[PDB]
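For neighbour counting, all protein chains shown are included, and Cβ atoms are generated from backbone atoms with ideal geometry for every residue, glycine included. Laboratory data are not the source of any read-out in this text; all were calculated from the coordinates shown.
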Amino acid sequence: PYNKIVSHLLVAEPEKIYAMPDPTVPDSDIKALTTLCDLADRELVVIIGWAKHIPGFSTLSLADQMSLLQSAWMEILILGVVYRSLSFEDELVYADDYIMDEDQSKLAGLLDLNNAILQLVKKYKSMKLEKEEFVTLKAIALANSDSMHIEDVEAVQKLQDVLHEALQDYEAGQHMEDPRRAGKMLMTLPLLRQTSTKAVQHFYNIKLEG
Amino acid sequence: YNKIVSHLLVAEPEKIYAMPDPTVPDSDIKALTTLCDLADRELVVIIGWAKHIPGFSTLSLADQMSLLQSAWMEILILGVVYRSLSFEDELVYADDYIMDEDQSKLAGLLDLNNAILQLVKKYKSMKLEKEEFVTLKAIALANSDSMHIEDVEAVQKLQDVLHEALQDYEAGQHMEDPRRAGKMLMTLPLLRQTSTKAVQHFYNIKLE
Ligand SMILES: CC/C(=C(\c1ccc(O)cc1)c1ccc(OCCN(C)C)cc1)c1ccccc1
Ligand SMILES: CC/C(=C(\c1ccc(O)cc1)c1ccc(OCCN(C)C)cc1)c1ccccc1
């Protein structure tokens, strides 16, 4: 119906970012990896631009604004893809010009991993996830990254609170069929965190192995 | 008073002890062994405790085990975490085994324990109650996100039931915060992460 925060967040939303493949080089695990690497690099600058638009976010200390972006960037990237693929089935809308099926992923050796995000994508799909929910869960994810390098903990909390409140409230007017929808959304965050940490690790392994 | 929560409480297992076998002088191995032996004896208990969770038993033995399979670490972690609330910078795994910053460094569990302590840091901040504990334990169990389940609906129903119990509990004894249940739900990620880091670390011993 109308929530201050949710609307703000829809607006603060970033524009369509396209992967931009290299047509002259062959499709290998090094290509796909390289393709995603930069795709994320670009998004990371995109996200830092965005976070400033997160109501109450710019007010925290800089050292703390960095602490969170430091921790929650991967979940943000991830929830991102997870969203792009809701209207699709069994594949990943990493980029609107970059989609991967079971076979493109088998070639990239990201089967295990992608079969993980397919799962995450399944839940949200079975909940009929809404754009307004994405943006909110996304902001929450950030204000809930639990960095250990926090200096002013009472502030992080008020930021968490402000965003949590917007969720309960938006879910309150748009879905009275489910007096427990917000909290349900919230329970999908762990998997988000699980996937992201899985992602981070595969990366530290590819870097170890080469 | 909420029925489901009264149950979970009553179900709450009896105290367990690590019993730092009067055998080997303190050392990485001794330490790691003590925990290995306690976790196992706890795991058994957990299995039994599980039978009481409302609606848990009705599940096919296949699912029941798929959940336990995935959540047993969060459960173990949550325990020591609740056990450690009333303390400072120390992790209580058992009344006979209490790890302080140094004993940790000795076991190499500095990083692991240090994240676990972070978990406690938050629960202490919001004065976690035994009631809230027993309930999250059950919730974490059914919200374990296992990839290989048969009956998705029945499981979902179990998460709703327990979720209802939590939102309800907060609604009665904690009217001062309408977002409390949700905030408890928000501590689940960390628990997940920590339980994960904890597990990958165990397997990482002599492998690649
Ligand atoms: C899951 C795909 C992915 C990345 C990704 C995820 C979501 C998204 O929207 C875009 C990309 C990925 C790849 C590279 C990367 O690099 C960050 C480091 N920069 C500074 C070089 C981050 C994420 C990746 C992670 C680990 C190993 C290999 C690939
Ligand atoms: C966090 C301490 C811990 C365990 C633990 C946690 C909570 C608790 O109440 C009791 C113990 C731990 C240690 C061993 C273990 O083994 C399970 C596998 N069995 C079948 C051999 C599980 C957890 C541990 C985890 C990873 C590496 C080293 C130690």
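Summary table below
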read-out: Whole-Hz couplings from phi, Karplus 6.51/-1.76/1.60, listed for the range B:68-76; x for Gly and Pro; value: 3, 3, 8, 9, 3, 6, 4, 4, 4
read-out: The range A:18-32 versus the range A:87-160: alpha-carbon centroid distance in Å; value: 23 Å
read-out: Proximal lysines to B:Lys127, defined as alpha-carbon separation beneath 30 angstrom and excluding residues fewer than eight positions away on the same chain; value: A:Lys138, A:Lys158, A:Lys184, B:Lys3, B:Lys15, B:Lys51, B:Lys105, B:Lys137, B:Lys157, B:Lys183, B:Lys197
read-out: Relative contact order (%) - chain B, alpha-carbon pairs under 8 angstrom, separation at least six; value: 28 percent
read-out: Cβ neighbours within 10 Å from other chains - mean over A:151-159; value: 1
read-out: Vicinal HN-Hα couplings computed from phi for the range B:160-176 (Karplus, 6.51 cos²θ - 1.76 cosθ + 1.60; Hz; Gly/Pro x); value: 5, 4, 5, 5, 5, 4, 6, 4, 5, 3, 3, 4, x, 8, 10, 7, 5
read-out: Chain B: Rg to Rh, with Rh as the Kirkwood radius over Cα pairs; value: 0.97
read-out: Residue-wise HN-Hα coupling along the range A:194-206, computed from phi with Karplus coefficients 6.51, -1.76, 1.60 (Hz; x: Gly, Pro); value: 5, 3, 3, 5, 5, 3, 3, 6, 3, 4, 4, 7, 4
read-out: Within 10 Å of each Cβ in A:163-176, the average number of Cβ atoms from other chains; value: 1
read-out: Test item: A:179-186 mean partner chain Cβ contacts at 10 Å; value: 5
read-out: Where the Cα pairs of the range A:31-142 fall when distances are cut into 10 Å bins, in %; value: 13, 43, 32, 12, 1
read-out: Computed [θ] at 222 nm, deg cm²/dmol, chain A (DSSP H ≥ 4; -39,500 (n - 2.57); rounded to nearest 500); value: -21500 deg cm²/dmol
read-out: Chain B: most fluctuating residue of B:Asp21, B:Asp145, B:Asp37 per GNM, C-alpha cutoff 10 Å; value: B:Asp21
